[PDB]
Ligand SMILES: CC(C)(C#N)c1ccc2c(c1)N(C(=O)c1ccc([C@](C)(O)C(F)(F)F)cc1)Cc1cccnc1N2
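Quick heads-up: it's one chain on its own, the form solved without this ligand, in structure tokens.
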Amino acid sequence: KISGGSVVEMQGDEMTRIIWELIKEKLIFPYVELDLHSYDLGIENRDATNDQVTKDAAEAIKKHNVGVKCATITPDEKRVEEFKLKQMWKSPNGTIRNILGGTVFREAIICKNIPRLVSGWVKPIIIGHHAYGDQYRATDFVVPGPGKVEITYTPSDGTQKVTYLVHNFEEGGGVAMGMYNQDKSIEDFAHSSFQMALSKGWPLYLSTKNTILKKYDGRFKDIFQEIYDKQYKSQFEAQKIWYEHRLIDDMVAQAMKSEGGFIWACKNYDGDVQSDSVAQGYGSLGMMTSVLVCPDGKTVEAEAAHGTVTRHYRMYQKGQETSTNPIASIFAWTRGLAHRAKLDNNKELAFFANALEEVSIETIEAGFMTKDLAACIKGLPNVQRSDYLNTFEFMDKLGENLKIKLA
């Protein structure tokens, strides 16, 4: 009945797919009508269309400014045999992120009754990681035997091509890889980082390994520092916050013993990994939001940070009972819809967005939660069946709670 606007939706795989459908059936569709542009990133369909469906979904997001994505399978060899795939398709996440660009901001979803693994974290940690380039765009290969691996730069302006020696393999083979990043993208990431910091009133840290990657990482470090000095510094001081670069070793240690309450700017690989470390440290991988904010200020893709949860899905196929946390998948929808509402100045969509979220927190805070969350309070071995609901029960319960509150 509520008029949503246009949303790009990406369907995914395995356990998350199951959950994705439950969320549309019970939390979204009964209450909200949309111009839904649906792309199926299920791995069967991606194989069928030779991954073209993925490039299509990314373009759709540019047009419509808003995307909600279910977790997908990125195939290695086992996966190729499993689904009889054409080939080892690349990560859709990496494909879409590289086309859209921007910064991925992740943040735990906090309930008051859910204890943390790490004692100190009483304030949020917001991770914003660079979406573009590096490992997702890397070229890696097997080195078959002895020989020489080199990397070369040929300037477009006709001046001398430059060649560096990567390694001389003199005994057997191995592996080698090239990767890159772009100044403009890195600039965008710096501004997005400083702006999020000002926005929250929290200090900003950048982590790199510039002592080791002196040129590659030093470039991130320099770009951040240049832009800070020229463009944000006084505004930081005015708010009594700060920016500082830290080596990645020190940062992860610092973060661990911290009391939280900062923005953590990461390179792509570190953002990907440290975001799992942090979600789990607050409680669970089901309790983290993830939004890609594009450089335009306008476009957004929301998702759950975690994967398809194949381990739980395997039980589901064997007919056994499961308890998977859908909270993150649900916030992919509320964050996306929130943004849609703010774009269109849709007063009611915004209301629904925020309702489903407080409904989610309120349900867990009343004592209805999936197995992972009960494990947080009790310790896994002390958890009994009466302590949690299963995937379907819990979805139903949120469903009836949404009913009551919207009514």
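Here, rigid core means the biggest group of C-alpha atoms that superpose within 1.5 Å across both forms. So that there is no doubt, residue numbering starts at 1 and follows the sequence shown.
We do not show the form solved in complex with this ligand, though everything after this point is about it.
Counting atoms of this ligand, placed from its pose in the deposited complex by superposing the C-alphas round the site, that lie within 2.4 Å of this form's backbone or C-beta atoms gives 3 or more, so the site is blocked.
Although the partner is absent from this view, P124 contacts this ligand in the deposited complex, with a non-hydrogen atom inside 4.5 angstroms. At a distance threshold of 4.5 angstroms between non-hydrogen atoms, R116 is in contact with this ligand in the deposited complex. Using a 4.5 Å cutoff between non-hydrogen atoms, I110 counts as a contact of this ligand in the deposited complex. In the deposited complex, at least one heavy atom of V252 sits within 4.5 Å of a heavy atom of this ligand.
This chain appears without its partner; in the deposited complex, the one residue of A190, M288, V300, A197 with a heavy atom within 4.5 Å of this ligand is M288. Here the chain stands alone, but in the deposited complex its contact with this ligand, taken as any heavy atom within 4.5 Å, falls in 116 to 124 among 170 to 178, 151 to 159, 292 to 300, 116 to 124. Only one candidate in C294, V309, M251, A302 has its Cα displaced by 2 Å or more between this form and the one not shown after core superposition: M251. A movement of the C-alpha atom of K318 falling short of 2 angstroms is seen between this form and the one not shown when the two forms are aligned on their rigid core. Fitting the two forms on the rigid core leaves the C-alpha of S91 displaced by under 2 angstroms between this form and the one not shown.
Annotation for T103: C-alpha shift under 2 angstroms between this form and the one not shown, rigid core superposed. Wider separation of the C-alpha atoms of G94 and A176, by 3 angstroms or more, is seen in the deposited complex than in the present form. Between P75 and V142, the C-alpha separation grows by 3 Å or more in the deposited complex, relative to the conformation displayed.
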